[PDB]
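Asker: My questions all concern the structure below.
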Amino acid sequence: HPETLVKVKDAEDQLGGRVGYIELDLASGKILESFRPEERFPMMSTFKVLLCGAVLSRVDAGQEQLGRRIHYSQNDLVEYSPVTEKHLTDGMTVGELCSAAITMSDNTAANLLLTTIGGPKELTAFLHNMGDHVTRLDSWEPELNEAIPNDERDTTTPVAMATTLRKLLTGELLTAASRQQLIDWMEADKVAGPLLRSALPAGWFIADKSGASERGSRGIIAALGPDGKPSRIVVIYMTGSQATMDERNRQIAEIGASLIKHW
Ligand SMILES: *[B]([O])([O])[C]([C]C1=[C]C(C([O])=O)=[C][C]=[C]1)[N]C(=O)[C]([N])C1=[C][C]=[C][C]=[C]1
Ligand SMILES: [Ca+2]
C-alpha cells in the first residue's frame, strides 16, 4: 500500500499533467505533507464551498437569509443543474441553493448564488478579505475552466485552498451556526462517492466537495477523520492530462486509500 506521497507521484506518472496534494492538521493548521503545494490548479466545482462561505458571511452580517426564496426562469439554466431544473415554479431558498451547489454540484444554483453577491470578482474580493490573495474566481459555470487553460483565472493552490477551507470551518470567521451549516452541507455531498469516500472506513467523518472538467482535470477538498470528527484537511487537484474520468477517479481513490492506511 504505497506511502501517500509515493502514490501521488505515481498518479502523476500514470495520468500525465500535474497532481497537487496537501494534508493539514485541522486543530493546528500545520502542514503534515504536500506535493506541489504552491502551484496553481483549476478549482472547478470545488469553488462552490467558498461561494457558500461568502453567502454565510452575508447571513452573519445581517445581509442575507438562508430562508429567502429565489425564483428564476428557464433562461437562467445552464448545464449540470439537476436540482434547480426541477424548481422553475417554486424557486429555491438561498440555503437550498447552497445545498444543491455543494451536494449535487448544481451549476445554476452556484450562478444564482454568485448573483446574490455580485459575481465572481466579488467572491475573489471575499477571499482576499479573509487573507487569501491567491485563489481567484473569474468565470461563471459552466465555462469555468473550460475556456483555454490556467491564466491564473479560476485557480487556487493546494495550500491556499486548504488554508482557506480550514479558516471557514474552524475560524471565528463565521459564526458557530454558519461554520456548522457549511460543514453539514459538505458532509451531505452526494456526488463524490468514487473519490475519497470510496476509501473511508466505517465510523469516520467526511465533509467534502468534488470538481471536474470534461477533460484533463479533477479535484476534491475534504475535512475528515476517525471517530465521527474531522481532524485533517486534504486537498487533491489534478490537471493538464488527457486521462479518462475513470482514471482520474481511480487515482484520487487510491491516494485516499494511502492516506487512510498511513494516517
Ligand atoms: B464543476 O466541477 O465546476 C461543474 C459540475 C461538475 C461537478 C462534478 C463533481 O465531481 O462535483 C463533476 C462533474 C461536473 N463542472 C462542469 O460544469 C464542467 N463543465 C463539466 C461538465 C461535464 C462533465 C465534466 C465537467
Ligand atoms: Ca512528476
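Residue names in the C-alpha cells use chain letters A, B, ... in the order shown, residue numbers from 1 in each chain, and ligand numbers from 1 in the order shown.
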Quick one: residues within 10 Å of residue 97 in chain A, only C-alpha atoms counted, chain neighbours fewer than 4 positions away excluded, as a compact mmCIF listing (two decimals) with N, CA and C atoms, in the first residue's frame?
Answerer:
# COMPACT_ATOMS: atom_id res chain seq x y z
N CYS A 52 -20.46 29.43 -0.90
CA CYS A 52 -21.37 29.34 0.20
C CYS A 52 -20.79 29.87 1.50
N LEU A 66 -30.89 32.56 4.88
CA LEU A 66 -30.92 31.27 4.23
C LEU A 66 -32.31 30.91 3.75
N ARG A 69 -36.37 33.12 -0.50
CA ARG A 69 -36.71 32.39 -1.66
C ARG A 69 -36.38 33.11 -2.93
N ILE A 70 -35.67 32.42 -3.85
CA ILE A 70 -35.25 32.93 -5.16
C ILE A 70 -36.01 32.22 -6.24
N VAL A 83 -30.86 19.82 -9.66
CA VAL A 83 -31.83 20.23 -8.65
C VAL A 83 -32.62 21.46 -9.15
N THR A 84 -31.89 22.51 -9.56
CA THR A 84 -32.55 23.76 -9.96
C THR A 84 -33.48 23.54 -11.13
N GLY A 91 -39.19 27.92 -7.17
CA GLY A 91 -37.96 28.51 -6.80
C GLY A 91 -37.29 27.69 -5.67
N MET A 92 -36.22 28.28 -5.12
CA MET A 92 -35.43 27.64 -4.08
C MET A 92 -34.93 28.70 -3.10
N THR A 93 -34.82 28.31 -1.85
CA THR A 93 -34.26 29.23 -0.89
C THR A 93 -32.75 29.32 -1.06
N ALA A 101 -25.75 23.36 -4.70
CA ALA A 101 -24.42 23.65 -5.25
C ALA A 101 -23.37 22.71 -4.65
N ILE A 102 -23.41 22.52 -3.36
CA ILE A 102 -22.41 21.71 -2.69
C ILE A 102 -22.64 20.22 -2.86
N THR A 103 -23.83 19.76 -2.59
CA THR A 103 -24.11 18.35 -2.53
C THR A 103 -24.32 17.68 -3.84
N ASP A 106 -24.68 21.53 -8.38
CA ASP A 106 -25.61 22.22 -9.30
C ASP A 106 -25.04 23.56 -9.76
N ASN A 107 -24.93 23.71 -11.07
CA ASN A 107 -24.32 24.87 -11.63
C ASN A 107 -25.20 26.11 -11.64
N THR A 108 -26.48 25.96 -11.96
CA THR A 108 -27.36 27.10 -11.90
C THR A 108 -27.47 27.61 -10.47
N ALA A 109 -27.49 26.69 -9.50
CA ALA A 109 -27.55 27.11 -8.13
C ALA A 109 -26.37 28.00 -7.79
N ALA A 110 -25.18 27.55 -8.19
CA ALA A 110 -23.97 28.34 -7.96
C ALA A 110 -24.07 29.69 -8.67
N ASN A 111 -24.49 29.72 -9.93
CA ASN A 111 -24.63 31.02 -10.62
C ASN A 111 -25.62 31.94 -9.94
N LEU A 112 -26.78 31.40 -9.49
CA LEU A 112 -27.73 32.22 -8.74
C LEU A 112 -27.10 32.81 -7.50
N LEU A 113 -26.36 31.96 -6.76
CA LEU A 113 -25.70 32.46 -5.55
C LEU A 113 -24.63 33.49 -5.88
Asker: Within 7 Å of ligand 1, counting only C-alpha atoms and all ligand atoms: which residues, as a list in words?
Answerer: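 Sorted by chain and then by number, the residues are residues 44, 45, 46, 79, 80, 104, 105, 106, 107, 141, 142, 143, 144, 146, 191, 192, 209, 210, 211, 212, 213 and 214 of chain A.
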Asker: Could you give me, as a PyMOL selection string, every polymer residue with an atom at most 12 Å away from an atom of ligand 2, counting only C-alpha atoms and all ligand atoms?
Answerer: chain A and resi 5-20+35-36+238
Asker: As an MDAnalysis selection string, list the residues of range 3-191 of chain A assigned to helix (DSSP H, G or I) by DSSP on the backbone atoms of this structure.
Answerer: chainID A and resid 4:15 44:60 74:76 84:86 94:104 107:117 120:129 158:170 176:187
Asker: Those residues you just picked out, can you put them in a file as an mmCIF file, in the first residue's frame with C-alpha atoms?
Answerer:
data_model
loop_
_atom_site.group_PDB
_atom_site.id
_atom_site.type_symbol
_atom_site.label_atom_id
_atom_site.label_comp_id
_atom_site.auth_asym_id
_atom_site.auth_seq_id
_atom_site.Cartn_x
_atom_site.Cartn_y
_atom_site.Cartn_z
ATOM 1 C CA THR A 4 0.825 8.785 0.192
ATOM 2 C CA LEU A 5 3.482 10.969 -1.420
ATOM 3 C CA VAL A 6 4.767 7.967 -3.396
ATOM 4 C CA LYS A 7 1.206 7.286 -4.543
ATOM 5 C CA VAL A 8 0.627 10.961 -5.529
ATOM 6 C CA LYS A 9 3.812 10.923 -7.584
ATOM 7 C CA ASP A 10 2.808 7.631 -9.184
ATOM 8 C CA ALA A 11 -0.646 9.037 -10.007
ATOM 9 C CA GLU A 12 1.099 11.869 -11.827
ATOM 10 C CA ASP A 13 3.334 9.356 -13.683
ATOM 11 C CA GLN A 14 0.327 7.429 -14.807
ATOM 12 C CA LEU A 15 -2.022 10.332 -15.674
ATOM 13 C CA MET A 44 -13.638 23.600 -10.902
ATOM 14 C CA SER A 45 -16.712 22.930 -8.719
ATOM 15 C CA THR A 46 -14.683 22.998 -5.527
ATOM 16 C CA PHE A 47 -15.254 26.775 -5.565
ATOM 17 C CA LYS A 48 -18.871 26.174 -4.536
ATOM 18 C CA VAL A 49 -17.815 25.731 -0.914
ATOM 19 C CA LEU A 50 -16.060 29.073 -0.911
ATOM 20 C CA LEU A 51 -19.145 30.669 -2.562
ATOM 21 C CA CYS A 52 -21.367 29.343 0.202
ATOM 22 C CA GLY A 53 -18.852 30.580 2.740
ATOM 23 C CA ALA A 54 -19.369 34.082 1.294
ATOM 24 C CA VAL A 55 -23.172 33.632 1.418
ATOM 25 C CA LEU A 56 -22.979 32.545 5.052
ATOM 26 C CA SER A 57 -20.750 35.501 5.845
ATOM 27 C CA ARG A 58 -23.503 37.728 4.481
ATOM 28 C CA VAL A 59 -26.006 35.887 6.694
ATOM 29 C CA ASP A 60 -23.828 36.503 9.715
ATOM 30 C CA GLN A 74 -35.756 28.580 -17.739
ATOM 31 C CA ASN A 75 -33.358 31.025 -19.372
ATOM 32 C CA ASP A 76 -31.206 31.059 -16.244
ATOM 33 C CA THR A 84 -32.549 23.764 -9.960
ATOM 34 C CA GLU A 85 -34.082 22.488 -13.174
ATOM 35 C CA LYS A 86 -36.920 20.902 -11.105
ATOM 36 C CA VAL A 94 -30.721 30.528 -0.519
ATOM 37 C CA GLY A 95 -29.958 27.647 1.803
ATOM 38 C CA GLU A 96 -31.438 25.144 -0.634
ATOM 39 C CA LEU A 97 -29.288 26.661 -3.390
ATOM 40 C CA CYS A 98 -26.168 26.144 -1.306
ATOM 41 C CA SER A 99 -27.224 22.592 -0.524
ATOM 42 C CA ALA A 100 -27.682 21.942 -4.221
ATOM 43 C CA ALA A 101 -24.421 23.650 -5.249
ATOM 44 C CA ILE A 102 -22.408 21.713 -2.687
ATOM 45 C CA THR A 103 -24.108 18.351 -2.529
ATOM 46 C CA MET A 104 -25.085 17.947 -6.161
ATOM 47 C CA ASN A 107 -24.324 24.870 -11.629
ATOM 48 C CA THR A 108 -27.364 27.100 -11.900
ATOM 49 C CA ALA A 109 -27.548 27.111 -8.135
ATOM 50 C CA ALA A 110 -23.974 28.341 -7.963
ATOM 51 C CA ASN A 111 -24.629 31.021 -10.620
ATOM 52 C CA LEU A 112 -27.729 32.220 -8.743
ATOM 53 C CA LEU A 113 -25.704 32.455 -5.552
ATOM 54 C CA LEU A 114 -22.962 34.337 -7.409
ATOM 55 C CA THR A 115 -25.624 36.875 -8.487
ATOM 56 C CA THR A 116 -26.517 37.369 -4.842
ATOM 57 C CA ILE A 117 -23.008 38.600 -4.085
ATOM 58 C CA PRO A 120 -17.084 36.115 -9.470
ATOM 59 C CA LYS A 121 -14.988 39.216 -8.781
ATOM 60 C CA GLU A 122 -16.920 39.666 -5.514
ATOM 61 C CA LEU A 123 -16.129 36.099 -4.463
ATOM 62 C CA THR A 124 -12.464 36.938 -5.156
ATOM 63 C CA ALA A 125 -12.842 40.067 -3.050
ATOM 64 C CA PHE A 126 -14.310 37.927 -0.227
ATOM 65 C CA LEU A 127 -11.324 35.570 -0.387
ATOM 66 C CA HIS A 128 -8.910 38.464 -0.492
ATOM 67 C CA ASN A 129 -10.681 39.922 2.547
ATOM 68 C CA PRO A 158 -3.430 23.240 -2.692
ATOM 69 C CA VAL A 159 -2.124 25.297 0.275
ATOM 70 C CA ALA A 160 -4.321 28.333 -0.406
ATOM 71 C CA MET A 161 -7.436 26.185 -0.699
ATOM 72 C CA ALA A 162 -6.650 24.053 2.339
ATOM 73 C CA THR A 163 -5.836 27.141 4.433
ATOM 74 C CA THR A 164 -8.983 28.970 3.324
ATOM 75 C CA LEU A 165 -11.169 25.870 3.937
ATOM 76 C CA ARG A 166 -9.703 25.498 7.424
ATOM 77 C CA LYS A 167 -10.462 29.179 8.193
ATOM 78 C CA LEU A 168 -14.099 28.735 7.019
ATOM 79 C CA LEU A 169 -14.672 25.514 9.012
ATOM 80 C CA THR A 170 -12.835 26.378 12.228
ATOM 81 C CA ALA A 176 -20.646 28.764 15.041
ATOM 82 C CA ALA A 177 -24.035 28.138 13.387
ATOM 83 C CA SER A 178 -22.751 29.154 9.977
ATOM 84 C CA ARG A 179 -19.493 27.117 10.269
ATOM 85 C CA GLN A 180 -21.660 24.146 11.183
ATOM 86 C CA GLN A 181 -24.044 24.720 8.312
ATOM 87 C CA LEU A 182 -21.144 24.787 5.850
ATOM 88 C CA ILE A 183 -19.633 21.537 7.105
ATOM 89 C CA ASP A 184 -23.091 19.978 7.202
ATOM 90 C CA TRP A 185 -23.623 20.676 3.500
ATOM 91 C CA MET A 186 -20.176 19.213 2.701
ATOM 92 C CA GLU A 187 -20.905 16.129 4.847
#
Asker: If you measure from CA of residue 247 in chain A to CA of residue 39 in chain A, what distance in Å do you get, rounded to one decimal?
Answerer: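 Rounded to one decimal, the two atoms are 22.1 Å apart.
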Asker: Range 15-163 of chain A: which residues are strand (DSSP E) by DSSP, as a list in words?
Answerer: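 Those residues are residues 16, 17, 18, 19, 20, 21, 22, 23, 24, 25, 31, 32, 33, 34, 35, 41, 42, 69, 70, 92, 93, 155 and 156 of chain A.
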Asker: Can you list, as a short mmCIF file (atom, residue, chain, number, x, y, z; two decimals) with N, CA and C atoms, in the first residue's frame, every protein, DNA or RNA residue that comes within 10 Å of residue 202 in chain A when you count only C-alpha atoms, leaving out same-chain residues fewer than 6 positions away?
Answerer:
data_model
loop_
_atom_site.label_atom_id
_atom_site.label_comp_id
_atom_site.auth_asym_id
_atom_site.auth_seq_id
_atom_site.Cartn_x
_atom_site.Cartn_y
_atom_site.Cartn_z
N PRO A 226 -11.23 10.04 11.95
CA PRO A 226 -11.85 8.88 12.60
C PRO A 226 -12.88 9.31 13.70
N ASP A 227 -13.71 8.37 14.13
CA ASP A 227 -14.47 8.50 15.38
C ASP A 227 -15.47 9.67 15.24
N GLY A 228 -15.97 9.86 14.01
CA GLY A 228 -17.02 10.84 13.80
C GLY A 228 -16.65 12.32 13.87
#
Asker: Can you tell me which residues surround residue 236 in chain A at a distance of at most 6 Å, considering only C-alpha atoms, apart from same-chain residues fewer than 5 positions away, and format the answer as a list in words?
Answerer: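 The residues that qualify are residues 20, 21, 219 and 220 of chain A.
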Asker: Once you have the residues from the selection above, write them out as a PDB file, in the first residue's frame, restricted to N, CA, C and O atoms.
Answerer:
ATOM      1  N   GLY A  20      -1.573  17.779  -7.457  1.00  0.00           N
ATOM      2  CA  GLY A  20      -1.232  18.564  -6.298  1.00  0.00           C
ATOM      3  C   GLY A  20      -1.940  18.019  -5.110  1.00  0.00           C
ATOM      4  O   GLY A  20      -3.094  17.575  -5.198  1.00  0.00           O
ATOM      5  N   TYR A  21      -1.278  18.069  -3.943  1.00  0.00           N
ATOM      6  CA  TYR A  21      -1.827  17.419  -2.759  1.00  0.00           C
ATOM      7  C   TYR A  21      -1.323  18.143  -1.544  1.00  0.00           C
ATOM      8  O   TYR A  21      -0.136  18.532  -1.426  1.00  0.00           O
ATOM      9  N   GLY A 219     -10.775  17.250  -8.998  1.00  0.00           N
ATOM     10  CA  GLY A 219     -10.273  17.678  -7.677  1.00  0.00           C
ATOM     11  C   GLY A 219     -11.247  17.393  -6.570  1.00  0.00           C
ATOM     12  O   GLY A 219     -12.402  17.100  -6.814  1.00  0.00           O
ATOM     13  N   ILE A 220     -10.733  17.474  -5.350  1.00  0.00           N
ATOM     14  CA  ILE A 220     -11.572  17.315  -4.155  1.00  0.00           C
ATOM     15  C   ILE A 220     -10.916  18.019  -3.011  1.00  0.00           C
ATOM     16  O   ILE A 220      -9.702  18.063  -2.852  1.00  0.00           O
TER      17      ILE A 220
END
Asker: Would you mind reading off the distance between CA of residue 218 in chain A and CA of residue 237 in chain A, one decimal, in Å?
Answerer: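 Between these atoms lies a distance of 6.0 Å.
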